[PDB]
Amino acid sequence: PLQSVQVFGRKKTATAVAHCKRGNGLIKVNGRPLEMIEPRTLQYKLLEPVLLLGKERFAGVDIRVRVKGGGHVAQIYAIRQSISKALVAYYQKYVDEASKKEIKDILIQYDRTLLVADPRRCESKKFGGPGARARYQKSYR
Amino acid sequence: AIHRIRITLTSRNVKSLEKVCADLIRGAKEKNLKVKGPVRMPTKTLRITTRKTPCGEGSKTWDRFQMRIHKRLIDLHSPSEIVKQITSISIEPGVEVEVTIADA
Amino acid sequence: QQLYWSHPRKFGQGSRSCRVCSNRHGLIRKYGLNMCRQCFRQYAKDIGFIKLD
Amino acid sequence: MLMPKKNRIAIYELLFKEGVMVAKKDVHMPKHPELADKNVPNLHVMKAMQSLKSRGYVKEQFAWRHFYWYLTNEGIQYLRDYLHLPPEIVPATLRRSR
Amino acid sequence: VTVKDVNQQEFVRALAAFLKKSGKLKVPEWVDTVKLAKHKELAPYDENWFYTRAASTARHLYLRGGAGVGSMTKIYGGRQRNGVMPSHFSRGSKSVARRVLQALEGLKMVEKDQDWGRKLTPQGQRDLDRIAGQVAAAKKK
RNA sequence: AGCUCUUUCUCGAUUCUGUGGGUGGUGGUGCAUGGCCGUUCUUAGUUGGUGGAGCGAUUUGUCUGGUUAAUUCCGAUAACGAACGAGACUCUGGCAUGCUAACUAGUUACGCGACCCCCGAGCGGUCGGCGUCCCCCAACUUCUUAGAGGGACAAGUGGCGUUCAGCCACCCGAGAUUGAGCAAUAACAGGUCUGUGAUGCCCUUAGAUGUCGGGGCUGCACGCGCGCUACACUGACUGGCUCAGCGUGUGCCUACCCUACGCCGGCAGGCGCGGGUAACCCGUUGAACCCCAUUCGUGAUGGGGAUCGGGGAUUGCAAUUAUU
């Protein structure tokens, strides 16, 4: 069995779990390579962590991710967060602290939230409008 | 003997429910059949929405009442006394209880 | 005896009321409670429907 | 209210033996669950009971469209007479307790 | 390539054509006339399309434990323009999908699965994997 | 409808007929009334004790100033110390590789063989590989769950301000304000008798103003309000990528459920099954926008889907005045 961590990522609705364990190293999402992904325009968003921190690194490790929930963009943000958090969680138990800090540095610097979950979430709609802040219509008389 | 037994409890106000469950759990193992301790089931929110009048002209105002059902089960294996005993204390408010033989 | 005196009552507004008050209008049929809204307002505490938010 | 001389007896006789009666406020089910040597629902039973009450003899409570009928003392004597029955009668009270 | 390896559009595009060459699939004589969904505006521009759906379905089943026509009608089902009313789902035809399911069986790509729903067969599983490779092989680009 | 009538059987003292008297009413009055409710108002409003100030009703407290979402606070002030609304309070939802746990929830990871494909490598045995299925005397609680736990106090720091109350920037990090629910003093001819077996009086009450057959409510030169759908190339289209969440169900106060899956039909739908009091099943809600490979090409055209005609089917005993 081998050195291994689990992590997760969370946007909007749609959590993404990462299992990051020692491997040859080559980075699959649900069950397909991180090279498919599509929405696609976004696709770099999910490459983003790897480039930020040098493509090598992932050579002592196998990476797999599953997302359920949210929707199409929602999912992308979650998986990318799960992957970067993953890599850092892994350097924290197996490698050394200075490396992981170096990585949090590069992410956090340029960032996108990679290691921290955005709070923002639905506000409830209130009777008298079909939205939360939207109020219906009035004519007076 | 030993019989495989399932106790379901469904009811409402929490702190009472929780300490009925506590008690079944603690006396269960305490003299250790060892449970399969309280499986908290997702609490159920019955929702009703109405206009506050009975009867209407008036800012349209809305009221929503809930009724919150809470479920639990606990798994005992034994027999005779500790069955009817462990069910029947554990008794009083506000608490539906069902005990089921086994398999089907 | 009076074959005369009824037409279908199986379904529709006319097939039901308030177990409380006869009213065939504004009837709460959810969860099998079958109370008219005006009544349900007055009995929601004794049924176990409580205000929380 | 209206009715038979047989159905009336069924009502009076059961009432005298039970001491209580219930009928949902419906004039259509024609028949009611429990007793009912069948013939009626509120009506014959409601009307007979309603008449019995107006002259005293029975006290009626409406709540929730059921109408719960409670036999009174003066009424016990009255049904005693209608049934003609054995003095000491002894209807839906007899009793023990504690 | 697992079929999972190839992009959905190219995979389906390649397989659908392969089916066309094979020449033996079978085809409710209609297919000229049919819309494919009540929701549908016009039938399919590629009157040739019967093959594409078949490929799409074969791929669709291979992915998952077992699926049936109702699911497909909905999958194919798009949004239908109520006109005055707001738009709503309308699961797409059941004859086409069924015929597709029956026809595929003839080739053995799929077989009745246990507990309802058609499942891919090992014969099909093998067949899809084989074309999947051919597509991967073609080129880079 | 034996309702009425002819004909002459039937029930059997219930009823009829008379008097006195009830009973219902979706009958009237909310401008006769309870309750409930809107509104002023989620505004910052409200009051007592005790004292001071006045013959007295009363007044100060409860304010020039600053500050606050808020009569929130500070300060000053003949007041001091409190309560009411606001707030605190409760509810919901995010930060917890912490907590205690889970076969009516999942995950890891086996044991994993098999299905088993060869997808690549290998001639193949064999290796790496995505899923389904096996289920197990596997392991777990990370995702999931629901309970208890902690976190925010504008905490530290730096400008500003009576150097105060506060304000602003900055860090950790969920950042001071996530979003509701709870509403006083006192009012209104606000609304409601059609929610009420709440209700007065009134009105009616056998030739009913208490039920069935049938229609209106749905009658169209015209105005108004809430909405919906639109005016297109950020689009309309066809193939194809593809993910969810709050909620819901039958075995029911008296007739009846949610429905996966096979078949037939272009559709609409028809038909045969089988599970499910449900965290088990429908439903990894495989949604839709959207994304995309094509077509169209700026033409009220393929934007738009009105109106009408014919026709298929579903609900119901009955749809004609289209239920759809």
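Residue numbering: from 1, along the chain as shown.
Going by what the header records, the deposited coordinates were determined by X-ray crystallography, 7.0 Å.
Placement of Cβ uses the backbone N, Cα and C atoms for every residue, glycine included.
Listed features, source Swiss-Prot:
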- B:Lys19: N6-acetyllysine (MOD_RES)
- B:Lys60: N6-acetyllysine (MOD_RES)
- B:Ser78: phosphoserine (MOD_RES)
For the residue listed as 'phosphoserine', the nonlocal same-chain Cβ neighbours (under 8 Å, six or more residues apart) come out as B:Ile2, B:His3, B:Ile5, B:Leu33
CB neighbours within 10 A of B:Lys19 (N6-acetyllysine), counting all protein chains shown, number 12
Rounded Cα distance, in Å, between B:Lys19 (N6-acetyllysine) and B:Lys60 (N6-acetyllysine) is 42
Per DSSP (three-state), B:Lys60 (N6-acetyllysine) is coil
Row B:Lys60 (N6-acetyllysine), column other C-beta within 10 angstroms, all chains, value 12
